[PDB]
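*Asks:* My structure file query.pdb, PDB, C-alpha atoms, is below:
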ATOM      1  CA  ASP A 195       0.000   0.000   0.000  1.00  0.00           C
ATOM      2  CA  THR A 196       1.079   3.615   0.353  1.00  0.00           C
ATOM      3  CA  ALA A 197       2.594   5.020   3.524  1.00  0.00           C
ATOM      4  CA  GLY A 198       3.928   8.531   3.852  1.00  0.00           C
ATOM      5  CA  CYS A 199       6.090   9.810   6.664  1.00  0.00           C
ATOM      6  CA  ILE A 200       6.587  13.522   7.246  1.00  0.00           C
ATOM      7  CA  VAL A 201       8.616  15.066  10.060  1.00  0.00           C
ATOM      8  CA  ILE A 202       8.493  18.774  10.875  1.00  0.00           C
ATOM      9  CA  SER A 203      10.823  20.542  13.289  1.00  0.00           C
ATOM     10  CA  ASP A 204      10.172  23.895  14.895  1.00  0.00           C
ATOM     11  CA  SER A 205      12.936  26.058  16.321  1.00  0.00           C
ATOM     12  CA  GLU A 206      12.378  28.744  18.951  1.00  0.00           C
TER      13      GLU A 206
ATOM     14  CA  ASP B  16       9.496  13.597  22.746  1.00  0.00           C
ATOM     15  CA  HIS B  17       7.639  13.877  19.442  1.00  0.00           C
ATOM     16  CA  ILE B  18       3.937  13.304  18.899  1.00  0.00           C
ATOM     17  CA  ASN B  19       3.036  11.039  15.987  1.00  0.00           C
ATOM     18  CA  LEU B  20      -0.070  12.320  14.252  1.00  0.00           C
ATOM     19  CA  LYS B  21      -1.832  10.660  11.334  1.00  0.00           C
ATOM     20  CA  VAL B  22      -3.409  12.051   8.175  1.00  0.00           C
ATOM     21  CA  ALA B  23      -6.145  10.078   6.440  1.00  0.00           C
ATOM     22  CA  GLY B  24      -6.375  10.780   2.734  1.00  0.00           C
ATOM     23  CA  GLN B  25      -9.652  10.486   0.830  1.00  0.00           C
ATOM     24  CA  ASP B  26      -7.981   7.846  -1.337  1.00  0.00           C
ATOM     25  CA  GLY B  27      -6.685   5.700   1.496  1.00  0.00           C
ATOM     26  CA  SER B  28      -3.071   6.859   1.776  1.00  0.00           C
ATOM     27  CA  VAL B  29      -1.820   7.163   5.342  1.00  0.00           C
ATOM     28  CA  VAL B  30       0.609   9.920   6.291  1.00  0.00           C
ATOM     29  CA  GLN B  31       2.360   9.905   9.654  1.00  0.00           C
ATOM     30  CA  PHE B  32       3.450  13.313  10.907  1.00  0.00           C
ATOM     31  CA  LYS B  33       6.287  13.396  13.417  1.00  0.00           C
ATOM     32  CA  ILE B  34       6.043  16.800  15.062  1.00  0.00           C
ATOM     33  CA  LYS B  35       6.270  18.269  18.570  1.00  0.00           C
ATOM     34  CA  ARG B  36       3.428  19.523  20.763  1.00  0.00           C
ATOM     35  CA  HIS B  37       4.925  23.031  20.683  1.00  0.00           C
ATOM     36  CA  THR B  38       5.238  22.756  16.916  1.00  0.00           C
ATOM     37  CA  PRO B  39       2.575  24.787  15.032  1.00  0.00           C
ATOM     38  CA  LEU B  40       0.187  22.773  12.861  1.00  0.00           C
ATOM     39  CA  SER B  41       0.626  25.462  10.207  1.00  0.00           C
ATOM     40  CA  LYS B  42       3.785  23.783   8.921  1.00  0.00           C
ATOM     41  CA  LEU B  43       1.896  20.471   8.952  1.00  0.00           C
ATOM     42  CA  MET B  44      -0.731  21.793   6.553  1.00  0.00           C
ATOM     43  CA  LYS B  45       1.905  23.353   4.307  1.00  0.00           C
ATOM     44  CA  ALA B  46       4.235  20.323   4.376  1.00  0.00           C
ATOM     45  CA  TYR B  47       1.475  17.991   3.212  1.00  0.00           C
ATOM     46  CA  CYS B  48       0.156  20.568   0.742  1.00  0.00           C
ATOM     47  CA  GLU B  49       3.623  20.926  -0.802  1.00  0.00           C
ATOM     48  CA  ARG B  50       3.658  17.176  -1.439  1.00  0.00           C
ATOM     49  CA  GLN B  51       0.268  17.473  -3.121  1.00  0.00           C
ATOM     50  CA  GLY B  52       1.520  20.291  -5.315  1.00  0.00           C
ATOM     51  CA  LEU B  53      -1.401  22.631  -4.686  1.00  0.00           C
ATOM     52  CA  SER B  54      -2.297  25.803  -2.798  1.00  0.00           C
ATOM     53  CA  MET B  55      -3.223  25.502   0.884  1.00  0.00           C
ATOM     54  CA  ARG B  56      -6.251  27.620   0.025  1.00  0.00           C
ATOM     55  CA  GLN B  57      -7.675  24.776  -2.067  1.00  0.00           C
ATOM     56  CA  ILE B  58      -7.829  22.229   0.752  1.00  0.00           C
ATOM     57  CA  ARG B  59      -9.343  22.297   4.236  1.00  0.00           C
ATOM     58  CA  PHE B  60      -8.101  20.610   7.413  1.00  0.00           C
ATOM     59  CA  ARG B  61     -10.522  19.435  10.088  1.00  0.00           C
ATOM     60  CA  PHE B  62      -9.959  18.066  13.568  1.00  0.00           C
ATOM     61  CA  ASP B  63     -12.817  16.641  15.663  1.00  0.00           C
ATOM     62  CA  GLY B  64     -15.169  17.879  12.963  1.00  0.00           C
ATOM     63  CA  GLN B  65     -13.939  21.434  13.459  1.00  0.00           C
ATOM     64  CA  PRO B  66     -11.765  23.449  11.007  1.00  0.00           C
ATOM     65  CA  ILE B  67      -8.202  24.184  12.108  1.00  0.00           C
ATOM     66  CA  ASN B  68      -6.696  27.674  12.006  1.00  0.00           C
ATOM     67  CA  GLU B  69      -3.106  28.765  11.345  1.00  0.00           C
ATOM     68  CA  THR B  70      -2.801  29.667  15.030  1.00  0.00           C
ATOM     69  CA  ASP B  71      -3.432  26.235  16.532  1.00  0.00           C
ATOM     70  CA  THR B  72      -0.975  23.775  18.053  1.00  0.00           C
ATOM     71  CA  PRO B  73      -1.199  20.075  19.127  1.00  0.00           C
ATOM     72  CA  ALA B  74      -0.875  21.089  22.783  1.00  0.00           C
ATOM     73  CA  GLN B  75      -3.569  23.707  22.221  1.00  0.00           C
ATOM     74  CA  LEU B  76      -6.104  21.391  20.606  1.00  0.00           C
ATOM     75  CA  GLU B  77      -5.426  18.693  23.216  1.00  0.00           C
ATOM     76  CA  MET B  78      -4.202  16.311  20.541  1.00  0.00           C
ATOM     77  CA  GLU B  79      -2.665  12.973  21.460  1.00  0.00           C
ATOM     78  CA  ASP B  80      -0.605  10.336  19.672  1.00  0.00           C
ATOM     79  CA  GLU B  81      -2.182   8.703  16.607  1.00  0.00           C
ATOM     80  CA  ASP B  82      -4.584  11.645  16.364  1.00  0.00           C
ATOM     81  CA  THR B  83      -6.015  11.648  12.861  1.00  0.00           C
ATOM     82  CA  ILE B  84      -6.688  14.841  10.913  1.00  0.00           C
ATOM     83  CA  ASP B  85      -9.199  15.008   8.061  1.00  0.00           C
ATOM     84  CA  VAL B  86      -8.265  16.719   4.808  1.00  0.00           C
ATOM     85  CA  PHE B  87     -11.028  17.874   2.479  1.00  0.00           C
ATOM     86  CA  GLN B  88     -11.241  20.028  -0.648  1.00  0.00           C
ATOM     87  CA  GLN B  89     -12.968  23.361  -1.172  1.00  0.00           C
ATOM     88  CA  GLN B  90     -15.929  23.542  -3.551  1.00  0.00           C
ATOM     89  CA  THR B  91     -14.973  25.019  -6.920  1.00  0.00           C
ATOM     90  CA  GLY B  92     -18.538  26.209  -7.400  1.00  0.00           C
TER      91      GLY B  92
END
Translate the structure described by the file into structure tokens.
*Replies:*
Amino acid sequence: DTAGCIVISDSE
Amino acid sequence: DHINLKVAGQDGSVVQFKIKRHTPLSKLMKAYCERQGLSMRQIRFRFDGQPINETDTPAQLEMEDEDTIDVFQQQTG
């Protein structure tokens, strides 16, 4: 099947 | 640690978002939208049946791990 992995990083 | 959220596409594709609770969901909408290749103004994100704004965060919406977000499309008339 289709699996999508997205990682987002926030810097403060 | 990071909170693993899930996006359920209208086709069936599953997208796992690894973000932090302090991390704005604004980048989440854009990140996925960029992969779609369309404007963020064309789609709509909903959580708990309510539309999400560009000022909301996981720790603000009381989101937990495996929390699924719905992604719809705007009516073209």
*Asks:* Evaluate the PyMOL selection byres ((chain A) within 6 of (chain B)) and record the selected residues as a VMD selection string, following the chain and residue labels used in the document.
*Replies:* chain A and resid 196 to 202 204
*Asks:* I'd like the residues picked by the PyMOL selection byres ((chain B and resi 84-90) around 7) written out as a ChimeraX atom specification, using the chain letters and numbers from the file.
*Replies:* /B:21-24,57-62,82-83,91-92
*Asks:* Identify all residues satisfying the PyMOL selection byres ((chain B and resi 70) around 9) in the given file; provide them as a PyMOL selection string.
*Replies:* chain B and resi 39-41+67-69+71-72
*Asks:* What is the distance between CA of residue 51 in chain B and CA of residue 78 in chain B, in Å to one decimal?
*Replies:*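 Distance reported for this atom pair: 24.1 Å.
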*Asks:* So the first atom is CA of residue 18 in chain B and the second is CA of residue 55 in chain B; what is the distance between them in Å, to one decimal place?
*Replies:* 22.9 Å
*Asks:* Please, what is the axis-aligned box for every listed atom of range 197-206 of chain A with 8 Å on each side, as centre and edge lengths in Å to one decimal, as JSON?
*Replies:*
{"center_x": 7.8, "center_y": 16.9, "center_z": 11.2, "size_x": 26.3, "size_y": 39.7, "size_z": 31.4}
